[PDB]
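A.B. asks: Here's a structure for you.
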There are 8 protein chains.
Amino acid sequence: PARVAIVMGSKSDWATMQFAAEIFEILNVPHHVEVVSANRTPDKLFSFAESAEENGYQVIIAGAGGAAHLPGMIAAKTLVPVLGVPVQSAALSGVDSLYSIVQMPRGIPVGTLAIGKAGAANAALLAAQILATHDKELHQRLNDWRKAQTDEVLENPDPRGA
Amino acid sequence: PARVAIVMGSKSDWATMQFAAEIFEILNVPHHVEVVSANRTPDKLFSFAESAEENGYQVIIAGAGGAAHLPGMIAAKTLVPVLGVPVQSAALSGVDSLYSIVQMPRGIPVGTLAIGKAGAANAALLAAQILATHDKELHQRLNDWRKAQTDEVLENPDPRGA
Amino acid sequence: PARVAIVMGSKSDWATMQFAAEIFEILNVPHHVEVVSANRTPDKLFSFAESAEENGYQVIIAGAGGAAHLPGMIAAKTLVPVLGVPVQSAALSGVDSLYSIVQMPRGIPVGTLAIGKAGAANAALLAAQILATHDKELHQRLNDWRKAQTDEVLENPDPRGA
Amino acid sequence: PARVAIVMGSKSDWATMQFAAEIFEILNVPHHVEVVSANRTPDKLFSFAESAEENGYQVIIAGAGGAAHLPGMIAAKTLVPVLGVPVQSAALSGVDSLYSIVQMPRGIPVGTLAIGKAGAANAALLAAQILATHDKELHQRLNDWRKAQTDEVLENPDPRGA
Amino acid sequence: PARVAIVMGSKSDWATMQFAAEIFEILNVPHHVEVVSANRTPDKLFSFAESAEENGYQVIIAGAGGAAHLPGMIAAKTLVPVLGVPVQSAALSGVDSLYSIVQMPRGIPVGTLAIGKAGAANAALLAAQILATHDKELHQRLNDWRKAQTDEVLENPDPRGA
Amino acid sequence: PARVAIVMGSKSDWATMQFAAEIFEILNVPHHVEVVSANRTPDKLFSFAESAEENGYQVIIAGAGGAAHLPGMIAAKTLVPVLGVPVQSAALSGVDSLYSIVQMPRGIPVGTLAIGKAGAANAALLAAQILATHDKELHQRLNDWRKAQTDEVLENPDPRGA
Amino acid sequence: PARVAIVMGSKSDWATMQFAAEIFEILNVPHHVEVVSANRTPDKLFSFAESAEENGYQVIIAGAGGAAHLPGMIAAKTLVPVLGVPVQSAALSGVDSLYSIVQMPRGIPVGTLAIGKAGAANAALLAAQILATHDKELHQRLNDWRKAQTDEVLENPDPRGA
Amino acid sequence: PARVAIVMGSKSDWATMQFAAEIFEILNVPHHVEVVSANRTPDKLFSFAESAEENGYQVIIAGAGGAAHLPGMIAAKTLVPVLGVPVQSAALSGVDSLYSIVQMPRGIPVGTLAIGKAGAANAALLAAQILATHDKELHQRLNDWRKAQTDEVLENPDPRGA
Ligand SMILES: Nc1c(C(=O)O)ncn1[C@@H]1O[C@H](COP(=O)(O)O)[C@@H](O)[C@H]1O
Ligand SMILES: Nc1c(C(=O)O)ncn1[C@@H]1O[C@H](COP(=O)(O)O)[C@@H](O)[C@H]1O
Ligand SMILES: Nc1c(C(=O)O)ncn1[C@@H]1O[C@H](COP(=O)(O)O)[C@@H](O)[C@H]1O
Ligand SMILES: Nc1c(C(=O)O)ncn1[C@@H]1O[C@H](COP(=O)(O)O)[C@@H](O)[C@H]1O
Ligand SMILES: Nc1c(C(=O)O)ncn1[C@@H]1O[C@H](COP(=O)(O)O)[C@@H](O)[C@H]1O
Ligand SMILES: Nc1c(C(=O)O)ncn1[C@@H]1O[C@H](COP(=O)(O)O)[C@@H](O)[C@H]1O
Ligand SMILES: Nc1c(C(=O)O)ncn1[C@@H]1O[C@H](COP(=O)(O)O)[C@@H](O)[C@H]1O
Ligand SMILES: Nc1c(C(=O)O)ncn1[C@@H]1O[C@H](COP(=O)(O)O)[C@@H](O)[C@H]1O
């Protein structure tokens, strides 16, 4: 079953969020992907959040740009851990996204990742690490992936041209 | 009837939002005041927004600090104009409040006012000006108020001590 | 008659403000468009603001970039509600526009929208929502528009390639 | 056993991190608390991170101010999910803390919370929600806590003085 | 005659602008001081700017906080050089004041000074240096003042306690 | 004689400062242009500043990007009014230029203009307005120029395509 | 002999720079302390920089607030390594100090430390580490100091009250 | 022997750090270049830092973008002076890099240079100046280089086209 869901405020966010999905593909982690907007589909957001647990989601990755309300609104309607990804906005280069996601008041948390593509990928990795706590196989695949990343740098110490 | 409602994410916002109410008192404008949180009372926010029109509200002033979702979520659930007040937050002095309120994407607007007390008062004044468009009496009181503000400065040109 | 006017500090602002006008076209809302600069045509700004009410304007959308004085100066000379649009400036990407428009002192409000194109469109939508309070037809068209925006997202939940 | 550990760069961070511990006390969640500095006790950080899994930690909350390296360094040495809390710094009011924690590159994530006390508490709540995924009892206590927070606001709608 | 005028948006600005006046007192430079608000006394601002030249002003120092429109509006209505002083605002510590004053578009300049008291004093010094270009006496007094400032530092090289 | 000098930290600044010179060409104002760096030609800066008055300069326009020391260092070595132009830097888009120029301490002023090309032009206009105080002809040309700028906007009120 | 000099733009900087001197006292490192201002004592700055090498200085720590020109100007006049300390300014909390010091163009470096007291101390530590490269004794004292700092944290792992 | 080492968090940093190496080539200064990541090769970072002194390094230049931990972690594990270069990050244009490097707490310093290429070059120049303190030859080459930079500007005073 899909233990993790990736949601975003707009299809225009996909160019960023696609990197979260990429991680799940590499790690062979079943995942759900959907466009859910707190501003354009508020009712759907509520139904989505309310049914998150019953649908089997253990982690929810939500991405949005500008005045991002999606991550926080979902977190306010469910106990499923919510990780937020600040999409890089045009004018404020994601600073508004970042602040509107991370500065949650006491009581309703949202684990925030870096602005942009790096954050999208990291949100998937973090969600995967959360799942790995109770999934020996995934935990193993995660370990292998990290090893591969490290070794790639280790076997290529000199950045200068050959 | 109360044609305007003043809502805020927390009772701790009252120290700021009280200045919006003060304007309505001076202008003799019936108003509703209530604590509505998108993060702590999400369901109530929805019911409040959905019934806004039927309850007779023509303008809604919403204030919040930090990652402010209140103004935007209300605006996403009603056609009643929503004015947002960025409450000055401790760490980011309202910058996060400001960005999380004003940077709304295309489709759902929130007329934003200055950070803090000045903004709270101005949101009431703006809402009043909106109501005055169809309320000759209020329009008159608004005019008198502005005159009084101007004349006070005009009759006190020298700021130095007498 | 035109119940709303769209003004901007420079013709170079049109690339942004055009999106406000686009909304009015979609909603069939009569509107006036004009270049009015507080810095280059200060006298005209005053005459424009002073005659706003008599000319039938119920809302004024003003856009400017950099040290934006246009919105505030108009608001200081009329009771007609003024909505400001921060045009994205080159160096400071609209942050200066934003601050110079929203940070109005107590007494003279300016409902501010997002930086750039999204804000321009939203200012028109907000102005339209204000007009809809007393225009059943427009209120209906607004409702249909919102429905269309929501349904478009609802019928396209998966952002991935078919 | 303690399934969660709370670490911080300095004892001066305790004034902030104490709010994370407070949450665990309310929720009856066994937790470990310790001062671990990437800058002053780098070797200890490594030993702490390396033994995190074997010691039974499923989540690690790390707080630091200024150029915060603690959260990221721990996350680079273990698969245990790491949540970071930006402590409010004097000069930059936590902005440096925030950026130095959240802007992690692809490969090593750190779920970041709000700057300051609110973030500390939220990091505990998020960690608790993560644990609740497999702890029915804790999940229940979390649910009761949220209910209590919501109801407190619901039974106190008017912020004005009685 | 008074060749320089010091204006400010509010009497609350006097705590800052008083330092500009202090410089003129030290240099024995006749000056006019007055509260002129672009937002509260727009008409007066226009009359003041329009009559600036005929009244004998060769330099105008204008101070304001927040969305400062005063300096720019005066500069748009007269050829008399305008120097602007960003008053330190509460929420944004003068950053909004600074941006709203200095970021003037091509065509209408405003020589901006530092945020706060230091800027107020410097605006007077700069205005004095401008006047000194054609006032040998003032030029001399300016020179003596600078010498005194320099010598004070020179005769006190060690900041440690005696 | 040349009553105004335009200096800059690097030849790479010319792309910006050229707009200051353009103003002087339009106004037929004799001017000197030279590359003077506080960091690369510190001694020359001193000689240039020290001889400014004797060389007949009444105003000095200095432009620089990044940690701009040029404007301030010149102002510290002469009584000739110094106007500073913040060149738009790559990384910080002129914010560092702006702060390093405008935030001068009490005692040594630098009238700062907008970041970039607009500021360069404005610095020339401001310097020209300063000179016009005692140059009836230039004052007249300035007046004509402003009229032309205003009239261009006035005769082109509609920004839409014909 | 004194191999390191501590200079600052104003005696008001001493409250910050005193922490640099404190480090040298602890490490028994002979040092010179003096107020040198690029803005108020420009000539002295030049003489100081020019004679730095002949006077035996191997490192120069310079602190200043606001538009800090001191560090950069010294570095432009000598080959002696210059370390800069951004003093926390009132309005911009050291951000202007930071930018005006660190953003030096290619050719003239200034090793910058943290804003405020922490930076002052660190500049002394860094300078000491530089000297230690050729001073076995100092290198030893530095090592002991670091050990003491580390051990203090190590023997006090629990920040909670006994 | 190589008395200076240039390290960076990723090979993608080479486009920036290459300018540090360029300086060493011009000055004929033996140097080591290597990719060392605190996040991807934490163990290697430790071994690298621990063996820095024994390997003969007297200065270490470390560059990284985003949440830069590399410079600080190295400095926490060795007495060899560490100079940090903030690589310009996409979203925050190096501001996050800058803050995460310079805002080190008391006890472990990192001399920080400008964001980007200019900083990379300057870090090499600063490191060279440090080495020159005990290398007469290098000190001479440094002097010649500075002379050449100065003279190039001096013989090209007019930036206008011939
Ligand atoms: N922040 C939100 C929300 C929300 O918070 O519900 N919905 C959309 N958005 C953001 O609007 C930006 C522009 O979206 P469009 O391209 O569809 O106009 C995107 O970054 C989206 O995440
Ligand atoms: N931004 C929001 C929301 C919301 O967006 O729904 N709810 C509360 N808050 C803000 O949290 C801050 C601290 O509130 P508390 O003092 O109750 O912890 C307030 O500024 C409130 O507006
Ligand atoms: N902010 C203002 C005002 C005003 O405030 O009156 N007038 C023009 N502007 C802005 O100058 C920028 C550049 O305009 P130009 O392209 O005509 O130089 C535009 O964003 C305009 O809105
Ligand atoms: N950021 C770090 C690290 C680290 O990253 O390892 N170690 C200490 N610190 C921070 O230094 C600040 C001042 O600490 P001190 O009061 O002990 O000088 C604290 O916020 C701490 O978290
Ligand atoms: N910026 C302006 C203008 C203007 O631009 O005309 N008028 C007042 N203000 C500023 O409002 C702030 C608060 O003023 P109040 O204390 O009177 O509310 C002051 O800094 C004033 O300069
Ligand atoms: N800020 C200064 C100073 C100075 O302050 O003396 N000298 C050069 N610069 C700036 O360095 C930037 C890059 O210059 P280069 O292209 O020559 O490397 C320019 O903006 C220049 O004004
Ligand atoms: N930045 C400089 C320079 C300089 O750059 O030469 N000289 C003084 N200053 C700074 O002015 C601030 C206020 O100084 P005062 O208290 O003497 O007015 C201090 O932070 C000083 O370092
Ligand atoms: N900041 C760090 C660290 C570290 O601090 O150890 N490791 C990599 N990075 C930075 O990640 C950015 C993107 O790197 P990638 O292109 O490899 O994803 C680079 O600027 C690197 O310095």
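Residues are referred to by chain and number: the chain letter is A, B, ... according to the order shown in the structure tokens, the number counts from 1 in that chain, and ligands are numbered separately from 1 in the order shown.
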Considering only C-alpha atoms, return as an NGL selection string whatever protein or nucleic-acid residues lie within 12 Å of region 52-60 of chain B, sequence-local ones (same chain, fewer than 3 positions apart) excluded.
C.D. replies: (:B and (1-8 or 20 or 30-34 or 36 or 44-49 or 63 or 70-72 or 74-75 or 77-85 or 110-112 or 123-134)) or (:C and (126-127 or 129-134 or 139))
A.B. asks: What's around residue 146 (chain C) at 9 Å? Count only C-alpha atoms, leave out sequence neighbours fewer than 6 positions away in its own chain, and write the answer as JSON, numbers by chain.
C.D. replies: {"A": [40], "B": [107, 108]}
A.B. asks: Keeping C-alpha atoms for every residue in the selection just given, could you write it to a file as a PDB file, in the first residue's frame?
C.D. replies:
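selection24.pdb written:
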```
ATOM      1  CA  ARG A  40      -8.591  26.528  -4.858  1.00  0.00           C
TER       2      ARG A  40
ATOM      3  CA  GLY B 107      -7.723  33.542  -7.818  1.00  0.00           C
ATOM      4  CA  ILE B 108      -8.107  34.210  -4.101  1.00  0.00           C
TER       5      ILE B 108
END
```
A.B. asks: Quick one: distance from CA of residue 113 (chain C) to CA of residue 102 (chain B) in Å, one decimal?
C.D. replies: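 A separation of 5.6 Å between them.
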A.B. asks: Using only C-alpha atoms, determine which residues lie at most 9 Å from residue 95 (chain E), disregarding the query and same-chain residues fewer than 2 positions distant; provide the list as a PDB file with C-alpha atoms, in the first residue's frame.
C.D. replies:
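Listing of out_6.pdb after writing:
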```pdb
ATOM      1  CA  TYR C  99       6.929  47.860   1.705  1.00  0.00           C
TER       2      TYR C  99
ATOM      3  CA  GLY E  66       7.216  53.291   7.288  1.00  0.00           C
ATOM      4  CA  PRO E  86      14.479  57.252   7.067  1.00  0.00           C
ATOM      5  CA  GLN E  88      13.375  53.939  12.353  1.00  0.00           C
ATOM      6  CA  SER E  89      10.002  52.179  12.246  1.00  0.00           C
ATOM      7  CA  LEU E  92      10.805  46.849  10.129  1.00  0.00           C
ATOM      8  CA  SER E  93      13.423  48.957  11.943  1.00  0.00           C
ATOM      9  CA  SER E  97      11.427  53.777   5.495  1.00  0.00           C
ATOM     10  CA  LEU E  98      14.759  53.376   3.704  1.00  0.00           C
ATOM     11  CA  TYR E  99      13.365  51.606   0.643  1.00  0.00           C
ATOM     12  CA  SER E 100      10.330  53.879   0.298  1.00  0.00           C
ATOM     13  CA  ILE E 115      18.256  55.261   9.075  1.00  0.00           C
TER      14      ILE E 115
ATOM     15  CA  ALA G  91      18.651  49.744  13.183  1.00  0.00           C
ATOM     16  CA  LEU G  92      19.970  46.875  11.051  1.00  0.00           C
TER      17      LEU G  92
END
```
A.B. asks: Residues contacting ligand 5 - anything with an atom at most 7 Å away, using only C-alpha atoms and all ligand atoms - can you give me those as a list in words?
C.D. replies: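 Based on only C-alpha atoms and all ligand atoms, ligand 5 is surrounded within 7 Å by residues 104, 105 and 106 of chain C; 8, 9, 10, 11, 12, 13, 37, 38, 39, 40, 63, 64, 65, 66, 67, 68, 69, 70, 87 and 89 of chain E.
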A.B. asks: Go ahead and dump the residues you just picked, N, CA and C atoms, as a PDB file, in the first residue's frame.
C.D. replies:
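Output saved as out-v8.pdb:
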```pdb
ATOM      1  N   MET C 104       1.534  51.663   5.314  1.00  0.00           N
ATOM      2  CA  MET C 104       0.882  52.960   5.502  1.00  0.00           C
ATOM      3  C   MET C 104       0.611  53.191   6.989  1.00  0.00           C
ATOM      4  N   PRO C 105       0.757  54.441   7.457  1.00  0.00           N
ATOM      5  CA  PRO C 105       0.518  54.754   8.866  1.00  0.00           C
ATOM      6  C   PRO C 105      -0.981  54.811   9.153  1.00  0.00           C
ATOM      7  N   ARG C 106      -1.339  54.817  10.431  1.00  0.00           N
ATOM      8  CA  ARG C 106      -2.739  54.864  10.841  1.00  0.00           C
ATOM      9  C   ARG C 106      -3.482  56.076  10.275  1.00  0.00           C
TER      10      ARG C 106
ATOM     11  N   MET E   8       8.780  66.803   8.531  1.00  0.00           N
ATOM     12  CA  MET E   8       8.607  65.405   8.918  1.00  0.00           C
ATOM     13  C   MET E   8       7.135  65.027   8.879  1.00  0.00           C
ATOM     14  N   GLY E   9       6.866  63.746   8.649  1.00  0.00           N
ATOM     15  CA  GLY E   9       5.496  63.278   8.565  1.00  0.00           C
ATOM     16  C   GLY E   9       4.670  63.345   9.834  1.00  0.00           C
ATOM     17  N   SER E  10       5.320  63.251  10.991  1.00  0.00           N
ATOM     18  CA  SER E  10       4.607  63.285  12.266  1.00  0.00           C
ATOM     19  C   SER E  10       5.440  63.899  13.382  1.00  0.00           C
ATOM     20  N   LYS E  11       4.766  64.405  14.409  1.00  0.00           N
ATOM     21  CA  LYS E  11       5.474  64.985  15.537  1.00  0.00           C
ATOM     22  C   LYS E  11       6.272  63.880  16.231  1.00  0.00           C
ATOM     23  N   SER E  12       5.847  62.631  16.049  1.00  0.00           N
ATOM     24  CA  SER E  12       6.555  61.510  16.659  1.00  0.00           C
ATOM     25  C   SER E  12       7.915  61.313  15.985  1.00  0.00           C
ATOM     26  N   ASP E  13       8.131  61.999  14.863  1.00  0.00           N
ATOM     27  CA  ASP E  13       9.402  61.909  14.147  1.00  0.00           C
ATOM     28  C   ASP E  13      10.427  62.857  14.758  1.00  0.00           C
ATOM     29  N   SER E  37       2.725  66.265   6.374  1.00  0.00           N
ATOM     30  CA  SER E  37       2.444  64.874   6.039  1.00  0.00           C
ATOM     31  C   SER E  37       1.807  64.725   4.676  1.00  0.00           C
ATOM     32  N   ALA E  38       2.376  63.839   3.870  1.00  0.00           N
ATOM     33  CA  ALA E  38       1.862  63.589   2.537  1.00  0.00           C
ATOM     34  C   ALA E  38       0.555  62.829   2.668  1.00  0.00           C
ATOM     35  N   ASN E  39       0.438  62.050   3.737  1.00  0.00           N
ATOM     36  CA  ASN E  39      -0.757  61.252   3.957  1.00  0.00           C
ATOM     37  C   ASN E  39      -1.874  61.960   4.714  1.00  0.00           C
ATOM     38  N   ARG E  40      -1.517  62.818   5.663  1.00  0.00           N
ATOM     39  CA  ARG E  40      -2.517  63.521   6.464  1.00  0.00           C
ATOM     40  C   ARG E  40      -2.771  64.977   6.071  1.00  0.00           C
ATOM     41  N   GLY E  63      11.874  63.954   6.762  1.00  0.00           N
ATOM     42  CA  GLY E  63      11.969  62.667   7.434  1.00  0.00           C
ATOM     43  C   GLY E  63      10.622  61.988   7.615  1.00  0.00           C
ATOM     44  N   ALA E  64      10.599  60.663   7.495  1.00  0.00           N
ATOM     45  CA  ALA E  64       9.360  59.902   7.662  1.00  0.00           C
ATOM     46  C   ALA E  64       9.655  58.424   7.896  1.00  0.00           C
ATOM     47  N   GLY E  65       8.723  57.731   8.544  1.00  0.00           N
ATOM     48  CA  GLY E  65       8.906  56.317   8.819  1.00  0.00           C
ATOM     49  C   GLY E  65       7.857  55.478   8.122  1.00  0.00           C
ATOM     50  N   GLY E  66       8.144  54.188   7.959  1.00  0.00           N
ATOM     51  CA  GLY E  66       7.216  53.291   7.288  1.00  0.00           C
ATOM     52  C   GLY E  66       7.199  53.566   5.794  1.00  0.00           C
ATOM     53  N   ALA E  67       6.013  53.544   5.194  1.00  0.00           N
ATOM     54  CA  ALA E  67       5.881  53.835   3.771  1.00  0.00           C
ATOM     55  C   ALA E  67       6.016  55.358   3.662  1.00  0.00           C
ATOM     56  N   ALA E  68       7.256  55.828   3.584  1.00  0.00           N
ATOM     57  CA  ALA E  68       7.541  57.257   3.514  1.00  0.00           C
ATOM     58  C   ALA E  68       7.289  57.842   2.130  1.00  0.00           C
ATOM     59  N   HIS E  69       6.305  58.721   2.048  1.00  0.00           N
ATOM     60  CA  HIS E  69       5.953  59.350   0.788  1.00  0.00           C
ATOM     61  C   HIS E  69       6.317  60.829   0.796  1.00  0.00           C
ATOM     62  N   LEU E  70       6.470  61.382   1.993  1.00  0.00           N
ATOM     63  CA  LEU E  70       6.792  62.790   2.144  1.00  0.00           C
ATOM     64  C   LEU E  70       7.976  63.294   1.306  1.00  0.00           C
ATOM     65  N   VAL E  87      13.157  57.359   9.123  1.00  0.00           N
ATOM     66  CA  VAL E  87      12.939  57.250  10.565  1.00  0.00           C
ATOM     67  C   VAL E  87      12.836  55.767  10.894  1.00  0.00           C
ATOM     68  N   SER E  89      11.352  52.664  11.977  1.00  0.00           N
ATOM     69  CA  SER E  89      10.002  52.179  12.246  1.00  0.00           C
ATOM     70  C   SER E  89      10.074  51.003  13.221  1.00  0.00           C
TER      71      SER E  89
END
```
A.B. asks: Assign secondary structure with DSSP using the backbone only, and return the residues of region 73-117 of chain C in helix (DSSP H, G or I) as a ChimeraX atom specification.
C.D. replies: /C:73-76,95-102,117
A.B. asks: To one decimal place in Å, what is the distance between CA of residue 120 (chain D) and CA of residue 17 (chain A)?
C.D. replies: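 Going from CA of residue 120 (chain D) over to CA of residue 17 (chain A), I get 27.2 Å.
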A.B. asks: Which one of A:21, A:142, A:118, A:154 sits closest to ligand 8 if you count only C-alpha atoms and all ligand atoms?
C.D. replies: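 Nearest to ligand 8: A:118.
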A.B. asks: Using only C-alpha atoms, I'd like every residue of chain A that has an atom within 6 Å of chain H; please write them out as a list in words.
C.D. replies: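 Within 6 Å of chain H on chain A, we get residues 93, 150, 157, 158 and 159 of chain A.
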A.B. asks: Running DSSP on the backbone, which parts of chain H land in strand (DSSP E or B), as number ranges by chain?
C.D. replies: H: 4-8, 31-35, 59-64, 82-86, 111-112
A.B. asks: I'd like the interatomic distance between CA of residue 145 (chain D) and CA of residue 26 (chain D), to a tenth of an Å.
C.D. replies: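 Separation of CA of residue 145 (chain D) and CA of residue 26 (chain D): 8.7 Å.
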A.B. asks: Please tabulate, as a Markdown table, the residues of chain F that come within 10 Å of ligand 3, each with its closest pair of atoms and the distance in Å to one decimal, counting only C-alpha atoms and all ligand atoms and ordering rows by chain, then residue number upward.
C.D. replies:
```
| residue | atom | partner | partner_atom_place_in_ligand_line | distance |
| --- | --- | --- | --- | --- |
| F:117 | CA | ligand 3 | 18 (O) | 9.8 |
| F:118 | CA | ligand 3 | 18 (O) | 7.4 |
| F:149 | CA | ligand 3 | 17 (O) | 9.8 |
| F:153 | CA | ligand 3 | 17 (O) | 9.0 |
```
